[PDB]
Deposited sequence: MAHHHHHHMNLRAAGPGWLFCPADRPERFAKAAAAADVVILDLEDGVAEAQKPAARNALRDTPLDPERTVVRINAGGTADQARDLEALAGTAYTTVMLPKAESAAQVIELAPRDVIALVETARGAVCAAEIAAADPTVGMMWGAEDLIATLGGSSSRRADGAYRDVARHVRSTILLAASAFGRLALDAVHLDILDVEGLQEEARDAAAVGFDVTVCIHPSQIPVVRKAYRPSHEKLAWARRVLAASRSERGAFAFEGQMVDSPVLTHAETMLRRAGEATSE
């Protein structure tokens, strides 16, 4: 029941088992990371820590490696010796990549052009329980050099994919996860970004540092003709 946890999710590299307990205490949900947070040479060690140092599987997701990679095959073998049931799929690009992870629950991380183009098909796949987007791999794989303008605001193609993922998730009753704020010390920018995300109906802001969790939890709390939806807005604020 991931929708019952709060909006602050925290990545934690899985080759750092000494930090698992602190990550769990700081965040609503921990994403133990076998992908880009762990160096290729450290991924075997991270798979052992995954088995050796368990966290609450009701509050923990495992980010595996991308479809078709040898690393993902090793990840799923390691996961068999765990109680984790929900995985995050990076570079998610087709419904078939989600379906081959059945019977696990899948959070699809769309961070390439093909995943954006196919977001609705990815969201609709039966194992999907959530959609995330990743600004940095998105820009990297498009061939660009930055996800943000000088003032920290997302560039337009990033805004486009962000909206795409929010709509695709909501169309199929999935959780919607907003992209990470890489500038850890930029609390002001994270504050505005998470408030923006909460305002349009994102369920989660994913973080890469535990200091970001209090900012996210606070942002997801609120500070002319009135129709029925505007009353729903007011009710959403109270909840």
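- When the deposited sequence is numbered from 1, the segments without any C-alpha atom are 1-9, 233-257, 274-281.
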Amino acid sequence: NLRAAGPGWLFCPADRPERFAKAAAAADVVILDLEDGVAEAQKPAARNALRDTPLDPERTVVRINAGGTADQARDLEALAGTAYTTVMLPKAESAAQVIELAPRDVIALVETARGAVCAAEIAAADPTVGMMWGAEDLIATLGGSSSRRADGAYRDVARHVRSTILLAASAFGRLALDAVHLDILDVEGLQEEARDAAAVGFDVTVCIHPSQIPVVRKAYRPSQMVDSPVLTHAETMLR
From here on, numbers count along this sequence of modelled residues.
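Rigid core here is just the name for the largest C-alpha set that superposes within 1.5 Å across the two forms.
- Farther from the shown form on average, by C-alpha root mean square after a core fit in 6 other deposited structures of this protein, is 147-155, of the stretches 147-155 and 84-92.
- Averaged over Cα atoms, the B-factor as recorded in the entry is higher for 146-154 than for the other of 162-170 and 146-154.
- Higher mean CA B-factor, judged across 90-98 and 71-79 from the recorded values: 71-79.
- Of the candidates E35, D203, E192, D52, the PDB record gives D52 the highest C-alpha temperature factor.
- When all modelled residues of the chain are sorted by CA temperature factor, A176 is found within the lowest third.
- When the modelled residues of the chain are ordered by C-alpha B-factor, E188 sits in the highest third.
- Annotation for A45: C-alpha temperature factor in the highest third relative to the rest of the modelled chain, per the entry.
- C207 sits in the middle third of its chain by CA B factor, as recorded in the PDB entry.
- Ranked against the other modelled residues of its chain, the C-alpha B-factor of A26 as given in the entry falls in the highest third.
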